[PDB]
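So that the names make sense, note that chain A is the first sequence line, chain B the second, and so on, each numbered from 1. Both backbone and side-chain heavy atoms feed into the values below; hydrogens, waters and symmetry mates do not.
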6 protein chains.
Amino acid sequence: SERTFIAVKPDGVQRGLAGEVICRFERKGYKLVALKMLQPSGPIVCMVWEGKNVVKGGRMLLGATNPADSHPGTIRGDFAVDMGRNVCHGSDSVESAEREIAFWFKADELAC
Amino acid sequence: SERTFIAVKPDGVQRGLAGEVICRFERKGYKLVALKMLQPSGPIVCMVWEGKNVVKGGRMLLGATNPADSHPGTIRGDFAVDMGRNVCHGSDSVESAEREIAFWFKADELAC
Amino acid sequence: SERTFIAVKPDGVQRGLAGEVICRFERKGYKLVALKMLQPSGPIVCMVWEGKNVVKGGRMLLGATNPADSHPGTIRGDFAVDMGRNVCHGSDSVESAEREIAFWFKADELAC
Amino acid sequence: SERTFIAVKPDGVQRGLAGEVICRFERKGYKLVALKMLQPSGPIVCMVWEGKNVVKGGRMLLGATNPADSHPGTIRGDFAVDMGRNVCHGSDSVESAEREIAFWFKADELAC
Amino acid sequence: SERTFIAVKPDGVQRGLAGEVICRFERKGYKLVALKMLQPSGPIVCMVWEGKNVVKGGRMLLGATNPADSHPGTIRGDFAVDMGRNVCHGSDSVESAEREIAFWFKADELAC
Amino acid sequence: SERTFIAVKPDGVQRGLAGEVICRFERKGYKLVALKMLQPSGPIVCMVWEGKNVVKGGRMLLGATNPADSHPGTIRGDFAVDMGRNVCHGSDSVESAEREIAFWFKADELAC
């Protein structure tokens, strides 16, 4: 029952693939426990997912940060052309998730 | 540039298919202009989509309200077992969208 | 909790799409309660699915018997070229399911 | 072994979905017997497909010409926002296919 | 023309993804030469696939045994949360396949 | 704005997966700037794609040349059984692309 924070950035959002991102985390077995879109820069989509090992799990679904090293099968592998146009972020530890979760989301918005 | 309101209801959400719903509206060409998840009953996901003819458009993606009449290819066709366990709602007119958009979303949350 | 019988016929099986068939019934919410493949003519795959309204449900996933009338979104719509090369069968009533279930499957094989 | 002519028009091509179109005709069982892209207006992708009943078959995969009437599961259902932004064409008869095939393709390009 | 044994375990089966598994092996080019579901613990789905190099092939489709090391694109990558909740098994050699094939399947059930 | 040359070879083409190939390059963000099919040996489909880093990009979508080493998520991973029956080719450098582009395509056919 850890939790992690994922966000889909503007270009990602202009391309139309938070659906994709959500589908992959759903498919992998994680519960979506919060989500919202935020307006400006560029709009972004913030999410929080919960599951056994979801922080390491989530980073693996996303693929390597550097899209030039990201393998097919991951989000960055399948979708992202350049590190700027990577357009996705996930927490890198259980510690940083909590900072990101608690910064971006009112607790009323999360789901226990 | 009309707009419509779509929502994915609890069981829908327990099954894991707002990704699916979002992917179909993305794929169809509509801009997602707001979205958030709301906690209790059961949690729900509210969205607003914008495009030429999106209110009639959106209802067609969803399929007939009565899942016993919903054809494959639509969300209710592909996913929903019973009218209770239909678990999806879309505005039925441009008029009702505005009531639903303006009830469920602060305008800061929408995107002009 | 009705049940129905579905079968994927030889050409269907030479084309490689019992996966597809199973995925659509899974996606729709039905429990797979038996399944096996049978060898000769041509091999075939027999299945039994269970759910609210699954007999009418299942026929709708399959699409119209006459592939010339089958719409996209259904199995026959998406996959089948001719009525011979339709290659799929589903029960047409709750009555005929039981004859088909109980003929093709030992009860040890079904799952209560 | 009829044949038909399909073409994916500029916006279609700017959106990135001749893959989709080709995948659906492949999936349905038709042989692709010619194909090429043509540059200007806007670029377009011309194809020829062959199979039992492929002219009526192909129009059905595409869905109704008027995207406001096109059901989900078809290309126009799933992808096209307006009749201008429909962006796809298929032959309406065995007669018109031959005019379209023989106009757009050198016979060296087709495949017997 | 080697053969291998694959099985989808209970939780896998409660989640609804033998379709997925079958689709990936079909897509990869392997012939499905036997298959059946078995009832209790938890029900399971046994399969046998045949093709050039299918034993090493099949393990690669499944991904690393330890779901914490399984990359996206594989079954365990895309679907499995924990090593218990990995829920899939494939033969590790041509030798062990034969033990698994011949244990789990009557030869009448296989297809030469 | 580099460019690369991709080609789908006969068996690939008999299996029906230039759609797949095109869909993956589209999905990854590359512009398709030329494409055509060529008749005999076996027919083949030639394409040219353009984007930031598309030559290395394209080889990564295809996966390792030796299908016995190709991971799931790539084309060769997901689809190809043997190195002969690999059936796909992509340029290995910006230099070799230009030789392949300029050999296989009249410049009228490319798109600036």
Side-chain angles (χ1 to χ4, degrees), chain A residues 63-84 86, chain D residues 16 18-19 35-37 39 43, chain E residues 71 73, chain F residues 1-8 10 12-13 17-30 32-38 41-51 53-55 57-80 82-84 86-94 96-105 107-112:
Chain A
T65 352
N66 176 21
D69 304 329
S70 295
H71 300 129
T74 64
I75 281 112
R76 293 175 185 128
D78 290 346
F79 298 114
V81 288
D82 76 53
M83 187 138 40
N86 128 47
Chain D
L35 158 80
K36 47 149 149 224
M37 174 176 189
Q39 318 291 340
Chain E
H71 300 129
Chain F
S1 73
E2 345 183 332
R3 293 186 163 191
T4 185
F5 172 77
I6 304 288
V8 182
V13 199
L17 50 100
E20 259 304 319
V21 171
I22 290 166
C23 282
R24 300 205 191 176
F25 279 73
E26 262 148 4
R27 177 173 81 167
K28 183 48 163 178
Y30 298 147
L32 177 72
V33 290
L35 158 80
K36 47 149 149 224
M37 174 176 189
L38 289 184
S41 180
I44 75 88
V45 178
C46 292
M47 316 170 33
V48 174
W49 291 91
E50 175 182 290
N53 229 300
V54 63
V55 180
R59 250 177 126 71
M60 289 173 66
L61 302 183
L62 301 183
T65 352
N66 176 21
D69 304 329
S70 295
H71 300 129
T74 64
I75 281 112
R76 293 175 185 128
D78 290 346
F79 298 114
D82 76 53
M83 187 138 40
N86 128 47
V87 284
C88 240
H89 162 85
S91 307
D92 53 55
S93 55
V94 179
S96 146
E98 282 152 11
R99 293 164 61 88
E100 295 180 314
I101 289 179
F103 172 55
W104 298 97
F105 284 98
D108 66 11
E109 295 154 316
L110 289 16
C112 59

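Between the OG atom of A:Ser70 and the CD1 atom of A:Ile75 there is a distance of 10.0 Å, given to the nearest 0.5 Å. Distance CD/F:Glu109 to CG/F:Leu35: 10.0 Å, rounded to 0.5 Å. Here the CE atom belonging to F:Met60 is positioned 11.5 Å from the NE2 atom belonging to F:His71, to the nearest 0.5 angstrom. Remark: A:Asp82 CG to F:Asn53 CG distance equals 9.0 Å, nearest 0.5 Å. Rounding to the nearest 0.5 Å places CG of F:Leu110 at 6.5 Å from CZ of F:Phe105. In this structure, F:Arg24 CZ and A:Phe79 CZ are separated by 10.5 Å, a value rounded to the nearest 0.5 Å.
Put simply, the side chain of F:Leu38 reaches to within 4.5 Å of the side chain of F:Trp104, judged on heavy atoms. Side-chain contact check for F:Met47 versus F:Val21: some heavy-atom pair is nearer than 4.5 Å. Under the 4.5 Å side-chain criterion, counting only non-hydrogen atoms from C-beta, F:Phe25 is in contact with F:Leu62. Side-chain atoms of F:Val33 and F:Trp49, non-hydrogen and from C-beta on, never get closer than 4.5 Å to each other. The shortest distance between side-chain heavy atoms of F:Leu61 and F:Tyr30 falls below 4.5 Å. A heavy-atom distance below 4.5 Å is found between the side chains of F:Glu100 and F:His89. Between F:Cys46 and F:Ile44, some side-chain heavy-atom pair lies under the 4.5 Å cut-off.
Contact detail for F:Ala97 and F:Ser91: the closest heavy-atom pair is CA-OG, 3.3 Å. F:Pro10 approaches F:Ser41 most closely through the heavy-atom pair CG-O, 3.2 Å. Shortest non-hydrogen contact noted between F:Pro67 and F:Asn86 is CG-CB, 3.5 Å. The minimum heavy-atom distance linking F:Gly73 with A:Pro72 is given by the pair O-CB, 3.1 Å. Contact between F:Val13 and F:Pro43 at its shortest, heavy atoms only, is CG2-O, 3.6 Å.
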- Query: Stepwise, does the side-chain contact (heavy atoms from CB on, under 4.5 Å) test hold for F:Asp108 with D:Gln39?
  - Reply: CA-CA 8 Å; F:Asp108 66 11; D:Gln39 318 291 340; over 6 Å; no

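Salt-bridge annotation for F:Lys28 and A:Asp78: absent, with no side-chain N of the basic residue lying under 4.0 Å from a carboxylate O of the acidic one.
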